[PDB]
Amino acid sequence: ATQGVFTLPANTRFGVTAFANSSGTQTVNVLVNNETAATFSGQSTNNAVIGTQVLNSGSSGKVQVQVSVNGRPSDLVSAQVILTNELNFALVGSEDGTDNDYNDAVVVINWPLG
(Lines of atoms letter the chains of each structure in order from A and count residues from 1; the text may use other names and numbers.)
(Lines give C-alpha, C1' and ligand atoms only; values in the text may rest on other atoms or scores of the structure.)
Protein backbone atom coordinates (compact mmCIF):
# COMPACT_ATOMS: atom_id res chain seq x y z
CA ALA A 1 0.00 0.00 0.00
CA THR A 2 1.03 3.62 -0.39
CA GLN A 3 2.76 4.99 2.72
CA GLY A 4 3.90 8.48 3.72
CA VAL A 5 0.86 10.21 2.21
CA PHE A 6 -1.68 12.02 4.45
CA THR A 7 -4.74 14.15 3.74
CA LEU A 8 -4.80 17.04 6.13
CA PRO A 9 -7.61 19.56 6.49
CA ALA A 10 -7.23 22.17 3.77
CA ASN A 11 -5.16 25.31 4.26
CA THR A 12 -4.00 24.24 7.72
CA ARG A 13 -0.64 24.93 9.36
CA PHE A 14 1.20 21.79 10.54
CA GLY A 15 4.57 20.83 11.97
CA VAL A 16 6.96 18.47 10.34
CA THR A 17 10.03 17.11 12.18
CA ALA A 18 12.67 14.56 11.13
CA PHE A 19 14.97 12.38 13.28
CA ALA A 20 17.95 10.30 11.99
CA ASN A 21 19.20 6.88 13.18
CA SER A 22 21.55 5.46 10.52
CA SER A 23 25.16 5.53 9.37
CA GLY A 24 23.79 6.83 6.02
CA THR A 25 23.04 10.50 5.42
CA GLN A 26 19.24 10.93 5.33
CA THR A 27 17.36 13.20 2.90
CA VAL A 28 13.72 13.87 3.79
CA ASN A 29 11.49 15.63 1.27
CA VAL A 30 8.04 16.95 2.17
CA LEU A 31 5.68 17.60 -0.72
CA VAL A 32 2.47 19.68 -0.48
CA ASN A 33 0.01 19.31 -3.44
CA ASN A 34 2.66 17.25 -5.19
CA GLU A 35 5.46 19.79 -4.97
CA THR A 36 8.46 20.01 -2.67
CA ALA A 37 7.77 22.36 0.22
CA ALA A 38 10.68 21.32 2.47
CA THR A 39 13.88 19.28 2.55
CA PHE A 40 15.80 18.13 5.65
CA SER A 41 19.14 16.25 5.79
CA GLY A 42 21.66 15.01 8.34
CA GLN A 43 23.50 11.96 9.72
CA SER A 44 23.08 10.68 13.24
CA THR A 45 22.77 7.32 15.00
CA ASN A 46 21.35 8.99 18.12
CA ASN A 47 18.06 10.54 16.96
CA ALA A 48 19.27 14.03 15.97
CA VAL A 49 16.45 16.43 14.95
CA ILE A 50 17.79 17.09 11.45
CA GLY A 51 14.93 19.42 10.63
CA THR A 52 11.70 20.94 11.86
CA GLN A 53 9.42 23.39 10.05
CA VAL A 54 5.88 24.76 9.94
CA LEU A 55 4.12 24.36 6.59
CA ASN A 56 0.57 24.99 5.22
CA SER A 57 -1.34 22.03 3.78
CA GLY A 58 -2.80 24.16 0.95
CA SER A 59 -6.10 23.81 -0.86
CA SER A 60 -5.85 20.01 -1.35
CA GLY A 61 -4.58 19.09 2.11
CA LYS A 62 -2.28 16.48 0.47
CA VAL A 63 1.06 16.01 2.27
CA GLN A 64 3.67 13.42 1.22
CA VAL A 65 6.92 12.39 2.89
CA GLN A 66 9.74 10.79 0.91
CA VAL A 67 13.13 9.59 2.15
CA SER A 68 16.35 8.79 0.30
CA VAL A 69 19.91 7.86 1.22
CA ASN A 70 22.67 8.41 -1.37
CA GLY A 71 19.89 8.77 -3.96
CA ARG A 72 18.17 5.44 -3.19
CA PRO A 73 14.55 5.61 -1.96
CA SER A 74 13.96 4.16 1.53
CA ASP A 75 11.09 1.77 2.23
CA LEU A 76 8.38 3.61 4.19
CA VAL A 77 5.83 2.72 6.87
CA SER A 78 3.19 5.13 8.17
CA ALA A 79 -0.05 5.79 9.99
CA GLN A 80 -2.12 8.60 11.48
CA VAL A 81 -3.49 8.72 15.07
CA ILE A 82 -6.00 11.15 16.62
CA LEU A 83 -6.23 11.71 20.40
CA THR A 84 -9.41 13.07 22.07
CA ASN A 85 -10.96 13.68 18.62
CA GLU A 86 -8.70 16.74 18.23
CA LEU A 87 -4.91 16.13 18.26
CA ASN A 88 -3.40 14.62 15.12
CA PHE A 89 -0.12 12.83 14.49
CA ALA A 90 0.98 11.49 11.12
CA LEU A 91 3.92 9.13 11.67
CA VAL A 92 6.53 7.85 9.20
CA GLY A 93 9.37 5.35 9.63
CA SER A 94 11.89 4.39 6.92
CA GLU A 95 14.42 1.62 6.22
CA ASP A 96 17.60 2.25 4.25
CA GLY A 97 19.35 -1.09 4.84
CA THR A 98 18.70 -4.68 5.79
CA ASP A 99 18.18 -4.75 9.54
CA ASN A 100 14.55 -3.59 9.44
CA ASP A 101 14.64 -1.28 12.43
CA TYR A 102 12.69 1.28 10.29
CA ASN A 103 14.14 4.20 12.27
CA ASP A 104 16.71 5.37 9.77
CA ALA A 105 14.66 8.51 9.21
CA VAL A 106 11.62 8.96 11.46
CA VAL A 107 9.21 11.79 10.54
CA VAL A 108 6.44 13.27 12.75
CA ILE A 109 3.75 15.59 11.39
CA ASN A 110 1.42 17.24 13.95
CA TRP A 111 -1.64 19.53 13.87
CA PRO A 112 -3.37 21.71 14.85
CA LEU A 113 -0.75 24.27 15.85
CA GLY A 114 -1.02 27.55 17.77
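Position 1 is the first residue in the sequence shown; the rest follow in order.
Stretch with the higher entry mean CA B-factor, where the candidates are 5-13 and 98-106: Higher of the two, by average CA B-factor, is 5-13.
Average Cα temperature factor in the PDB entry - higher stretch of 54-62, 84-92: Averaging CA B-factors over each stretch, the winner is 54-62.
Highest recorded Cα temperature factor - choice among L76, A37, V49, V28: Of the candidates given, the C-alpha B-factor peaks at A37.
CA B-factor placement of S23, once the chain's modelled residues are sorted into thirds: Its C-alpha B-factor belongs to the highest third of this chain's values.
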